[PDB]
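Residue numbering for the sequence shown follows our numbering, beginning at 1316 and increasing consecutively.
Note that beta-carbon positions come from the ideal geometry of N, C-alpha and C, so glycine has one too.
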Amino acid sequence: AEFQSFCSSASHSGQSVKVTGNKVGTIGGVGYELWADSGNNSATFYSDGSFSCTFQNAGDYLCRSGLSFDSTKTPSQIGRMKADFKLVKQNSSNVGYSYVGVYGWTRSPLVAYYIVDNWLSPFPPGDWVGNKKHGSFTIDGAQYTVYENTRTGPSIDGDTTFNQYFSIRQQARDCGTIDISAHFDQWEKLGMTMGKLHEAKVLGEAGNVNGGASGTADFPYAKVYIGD
Ligand SMILES: O[C@@H]1[C@@H](O)[C@H](O[C@@H]2CO[C@@H](O[C@@H]3CO[C@@H](O)[C@H](O)[C@H]3O)[C@H](O)[C@H]2O)OC[C@H]1O
Ligand SMILES: O[C@@H]1[C@@H](O)[C@H](O[C@@H]2CO[C@@H](O)[C@H](O)[C@H]2O)OC[C@H]1O
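Structure (structure tokens):
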């Protein structure tokens, strides 16, 4: 079978919570966060892990659901991790950049990381995503471009500077399983070490460096887990 079974059956189930300001919480046993720097935005999170996103006139908007840790353990200490996801794109406009896939942070060192399988922007992210282009790698059965960046901006520690790690899929995928730890393994070979893990979540991010992005996105499947 070319695809995962959840690609055929995914739909929103369970109890839900709609948030319309910056907010971290849990719904059932899944961690969620809405974060934006501006705009009239929302997100609806379901106890089955799935979620949906709206953004209006935003500079940078993130909606994410999955695992929240306490920044005490490296990924290797936590265990091997994966995320199952299904994205359904909807209408959007003035989306200058966007990432869809898995996202999180470490501390010690402070790093934001992305495994990007799709994007709400008209075109995929380009070489501007990072100052260091490590090149093309076969990771988790597919071709990804790996980048490292240094960014000054908001963070889980407040406004500061931090490295970012990216794997950008060369061919968009709208449904499947990301082997998160396989990306971590590749990054380590390239000098991109993971600190103590803060989170690992399915993410939709959309933004624009000058204007204000608007649109919606649906994630009828999103499940992040420790195991196989
Ligand atoms: O981690 C996120 C960053 O990746 C994001 O960085 C901005 C991404 O957009 C960059 O500008 C692009 C230049 O190329 C044009 O064709 C695109 O339309 C532009 O978006 C900008 O330089 C980066 O800073 O910032 C938000 C972070 O969460
Ligand atoms: O109140 C602060 C939040 O605004 C901050 O949120 C993080 C900011 O950087 C973004 O890239 C992250 O996604 C977001 O979680 O977290 C720290 C908190 O004190």
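- The continuous alpha helix (DSSP H) containing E1503 extends over residues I1495 to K1504.
- Taken atom to atom, the span from the alpha-carbon of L1349 to that of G1343 is near 16 Å.
- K1447 and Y1418 have their C-alpha atoms spaced approximately 19 Å apart.
- Taking 7 Å as the cut-off, the C-beta of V1444 counts as close to a heavy atom of ligand 1.
- In this structure, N1523 has its CB at a distance of at least 7 Å from all heavy atoms of ligand 2.
- By the CB criterion at 8 Å, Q1319 and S1529 fall outside the cutoff.
- Looking at the DSSP output, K1538 bridges to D1399.
- In the three-state reduction of the DSSP assignment, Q1485 falls in the coil class, being assigned neither a helical nor a strand state.
- Cβ neighbours of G1329 within its own chain (closer than 7 Å, five residues either side excluded): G1343, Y1361, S1362 and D1363.
- In the structure shown, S1383 adopts extended strand secondary structure according to DSSP, grouped into three states.
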